[PDB]
2 protein chains.
Amino acid sequence: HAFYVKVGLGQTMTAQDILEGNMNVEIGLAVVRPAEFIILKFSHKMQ
Amino acid sequence: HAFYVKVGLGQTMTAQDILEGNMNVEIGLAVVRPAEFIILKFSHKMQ
């Protein structure tokens, strides 16, 4: 759930990419954000 | 595939050939030849 890593032929590269000398790596991240606004919601509930 | 042999009336002979005293035999051969020139052909193939 936090990241992924992909590299390979048929995943990030073609065969024409190999002849040119290219290697592609793909990286995705899920970084934690701050809690800037905190909203308290109050209500009545039945007895 | 290697040879054939044919002899007979209606195959190699006529009826006029029989009266003259002729018998015809036909033989065909396929003899092995040497390998005098050997040619190596190199090429790239895709990954």
Side-chain angles (χ1 to χ4, degrees):
Chain A
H1 288 352
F3 55 86
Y4 64 86
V5 175
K6 283 182 57 173
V7 52
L9 170 70
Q11 306 163 60
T12 59
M13 295 175 256
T14 52
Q16 188 70 26
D17 274 311
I18 306 293
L19 295 166
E20 304 314 300
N22 295 293
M23 192 175 104
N24 292 320
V25 188
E26 279 158 12
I27 300 154
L29 298 178
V31 184
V32 189
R33 259 75 173 173
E36 191 177 10
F37 317 97
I38 308 180
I39 318 296
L40 314 172
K41 288 163 183 167
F42 284 95
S43 80
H44 294 250
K45 63 175 291 188
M46 284 307 276
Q47 183 163 172
Chain B
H1 289 352
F3 55 86
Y4 64 86
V5 175
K6 283 182 57 173
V7 52
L9 170 70
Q11 307 163 60
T12 59
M13 295 175 256
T14 52
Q16 188 70 27
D17 274 311
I18 306 293
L19 295 166
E20 304 314 300
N22 295 293
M23 192 175 104
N24 292 320
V25 189
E26 279 158 12
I27 300 154
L29 298 178
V31 184
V32 189
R33 259 75 173 173
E36 191 177 10
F37 317 97
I38 308 180
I39 318 296
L40 314 172
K41 288 163 183 167
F42 285 95
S43 80
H44 294 250
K45 63 175 291 188
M46 284 307 276
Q47 183 163 172

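Here is the naming used below: chain letters follow the sequence lines, and residue numbers restart at 1 for every chain.
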same_hphob_cluster([X], [Y]) at 4.5 Å side-chain heavy-atom cutoff:
X	Y	answer
A:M23	B:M46	no
B:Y4	B:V31	no
B:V32	B:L29	no
B:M13	B:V25	yes

Search all heavy atoms of [X] against all heavy atoms of [Y] and return the closest pair with its distance.
X	Y	answer
B:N24	B:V7	O-CG2, 3.4 Å
A:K6	A:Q11	NZ-O, 3.9 Å
A:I27	A:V5	CG1-CG2, 4.5 Å

Hey, is CD on B:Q47 packed in by over 12 heavy atoms from elsewhere, all under 6.0 Å?
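Not more than 12 within 6.0 Å, no.
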
